[PDB]
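Order of listing sets the numbers, starting from 1, for every ligand and every atom in it. For reference, positions follow the sequence shown, starting with 1.
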Amino acid sequence: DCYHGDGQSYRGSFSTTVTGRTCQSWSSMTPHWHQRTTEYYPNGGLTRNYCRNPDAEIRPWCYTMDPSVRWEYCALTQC
Ligand SMILES: O=C(O)c1ccc2c(c1)CCNC2
Ligand SMILES: [Cl-]
Ligand SMILES: [Cl-]
């Protein structure tokens, strides 16, 4: 799947970064503590560890399960 524009409306299930890393679940503060949660982004579709763009980034992204890599853009292409 691909995203349109900045991907703020992307609701797919892709969960892999541009370096092949697995996205961290949005509801998790582990390994990375953060504030991109449904509490603060109720319209963001912050579901499981799905690639999302809740904060008007240029493209969908996620926190990563690698403790040494906080966040990355997802390996999704623009439509
Ligand atoms: O972890 C953070 O403080 C943080 C800050 C800014 C941005 C992200 C994460 C994700 C991408 N959008 C900008
Ligand atoms: Cl989209
Ligand atoms: Cl920001």
Side-chain angles (χ1 to χ4, degrees):
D1 46 356
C2 59
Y3 62 92
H4 301 274
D6 62 6
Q8 279 190 64
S9 301
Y10 175 74
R11 297 289 178 279
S13 56
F14 199 68
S15 61
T16 306
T17 74
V18 292
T19 62
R21 286 168 170 77
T22 302
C23 291
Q24 175 185 315
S25 149
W26 299 101
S27 51
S28 192
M29 298 296 110
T30 306
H32 306 287
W33 183 92
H34 67 94
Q35 293 176 309
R36 275 75 176 154
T37 64
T38 52
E39 201 198 338
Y40 296 123
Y41 298 88
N43 315 305
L46 300 186
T47 308
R48 304 189 178 185
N49 67 338
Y50 295 158
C51 293
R52 292 290 178 267
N53 183 9
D55 58 355
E57 187 48 73
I58 62 166
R59 65 191 281 199
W61 63 275
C62 62
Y63 290 106
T64 92
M65 293 300 291
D66 186 352
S68 294
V69 182
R70 179 166 174 80
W71 74 270
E72 298 180 283
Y73 299 126
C74 284
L76 282 170
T77 61
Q78 196 181 63
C79 293

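In this structure, the side chain of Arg52 does not engage the main chain of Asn49 through any donor-acceptor pair within 3.5 Å. Remark: the backbone N or O of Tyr50 is paired with a side-chain donor or acceptor of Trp26 at under 3.5 angstrom. Proximity of a side-chain donor or acceptor of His4 to a complementary backbone N or O of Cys79 within less than 3.5 Å is not detected. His34 contributes a side-chain N or O that, together with a main-chain N or O of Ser28, makes up a donor-acceptor pair within less than 3.5 Å. Under the 3.5 Å distance criterion, the side-chain polar atoms of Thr17 are left unmatched by any main-chain donor or acceptor of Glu72.
Summarising the hydrophobic clusters (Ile, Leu, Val, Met, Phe, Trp, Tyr; side-chain heavy atoms under 4.5 Å, direct or chained), the residues clustered with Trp33 are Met29.
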Expected rows: ligand 1 N/O, protein N/O, dist below 3.5 Å:
unit_1, atom_1, unit_2, atom_2, d
ligand 1, 1 (O), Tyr63, OH, 2.9
ligand 1, 1 (O), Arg70, NE, 2.8
ligand 1, 1 (O), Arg70, NH2, 2.8
ligand 1, 12 (N), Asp55, OD2, 2.7
ligand 1, 12 (N), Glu57, OE1, 2.7

